[PDB]
Structure formats: C-alpha cells, structure tokens
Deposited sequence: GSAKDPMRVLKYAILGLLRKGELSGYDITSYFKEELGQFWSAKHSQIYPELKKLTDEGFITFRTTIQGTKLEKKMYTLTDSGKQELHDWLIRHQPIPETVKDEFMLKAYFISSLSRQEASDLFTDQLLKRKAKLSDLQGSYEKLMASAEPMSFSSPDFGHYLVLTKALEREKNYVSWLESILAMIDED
C-alpha cells in the first residue's frame, strides 16, 4: 500500500512555485482556499513536506522551504501530463435521486427543496469568496498573479450554479402543472 498523504504532493510543490514559504504559510494556505477544493488532513501536511524534502524536491533553510530544480521539474511534468478524466465522484444525493420512485411527490419535493436551499447557501458563500478575490486593483486576465485562484473559484461558482439550476428544473417537474 502507498501512503495516503501523497495526495498532498503537488499541492505542496505548487504552493512553493513562486518562491519560499514557511511551514506556517503552507499550513495557512491549506486552511484558506486550497482547503475548500483540495482538503488536507492537517496531520499529513508536515509529514508530506518532510518526505518531499527527503526526496530532493524541496529544500529548507523558522524553516523556510523552496523548490529545488528537481521539484520544479516534478511539478512541471505533472502539470503537462495528460490523464484520462476520472470516474465520476459518488454523490449520495444523486443515488437518492436514482431511487426517487420510493418517495411520494411531496417527499420528493421536500428532498429536492432541502438540497436546493443548501446548494444556494454554498453558492452564496462562494460568491463572497469571489467578491473578495475580485476586490484586488489589478484587472483579471491570464497574466494576473491571481489567475489560478480565479480559475478554481469560477469553476466552483459555475458548478454550484449549475447544480442549483438543475435542482430548480427538477422541482418544477415534481410540481408539474
């Protein structure tokens, strides 16, 4: 068996791509936006840092960490590697939807309404994060230092807006004229 903390590898290498960071700084990033879409078990961060140091991908000189030439190459090779799209992530709500025949019209409406309200609230939170990001002076573009953050946030916003619209569509079907 391989070590599950290896899921943090490219998250850590990527965080160091623009220059040196302390362990505190790295840990802080996992508690901010990165934790929203690439969650760490916080006990796994320092061990994985140590592994990547010992593998020669990172060096340290508070300890301050940077990428080595080997680490930059490891990051690069991963970034440009083409992979098949992965298997669909299990959404327990969607399994319930598959078995909707076991619910009455009202029970189905209540199930989907609960999900809609929760997804709208998540969407609200993401929109808050988006407005914080966009409160920067420099306009957004490919060349912006914040473009990567913009990509993960817009992706999330679109994803949740689409989920909300789909739930609305289904509630309208449950509530057919």
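By the record, the deposited chain contains unmodelled runs at 1-2, 64-72, with no C-alpha atoms placed there.
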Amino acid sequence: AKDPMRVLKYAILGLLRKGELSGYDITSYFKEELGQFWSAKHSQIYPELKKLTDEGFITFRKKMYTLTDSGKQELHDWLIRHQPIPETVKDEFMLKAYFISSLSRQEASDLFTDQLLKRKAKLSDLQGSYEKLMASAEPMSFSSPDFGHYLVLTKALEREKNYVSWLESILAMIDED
From here on, numbers count along this sequence of modelled residues.
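The term rigid core refers to the maximal set of C-alpha atoms that superpose within 1.5 Å between the two forms.
Root mean square Cα distance to the shown form, taken over structures and residues in 4 other deposited structures of this protein after a core fit, is higher for 29-37 when 43-51 and 29-37 are compared. A fit on the rigid core, followed by a root mean square over CA positions in 4 other deposited structures of this protein, ranks 144-152 against 106-114 and picks 106-114 as the more shifted one. The records show that residue 62 is omitted from the coordinate set of at least a third of the other eligible entries of this protein. Residue 138, present in the displayed chain, goes without coordinates in a third or more of the other PDB entries compared that cover both sides of it. Higher mean CA B-factor, judged across 2-10 and 168-176 from the recorded values: 2-10. In this entry, 36-44 shows the higher mean Cα temperature factor of the pair 36-44 and 116-124. Per the deposited coordinates, the residue with the largest Cα temperature factor out of 29, 142, 57, 150 is 29.
Comparing the listed residues 105, 82, 72, 96, the entry records the largest Cα B-factor for 82.
Sort the chain's modelled residues by C-alpha temperature factor and residue 21 lands in the highest third, per the entry. Per-chain ranking of the deposited C-alpha B factor places residue 64 in the highest third. Remark: residue 133 belongs to the middle third of its chain, ranked by C-alpha B-factor as recorded.
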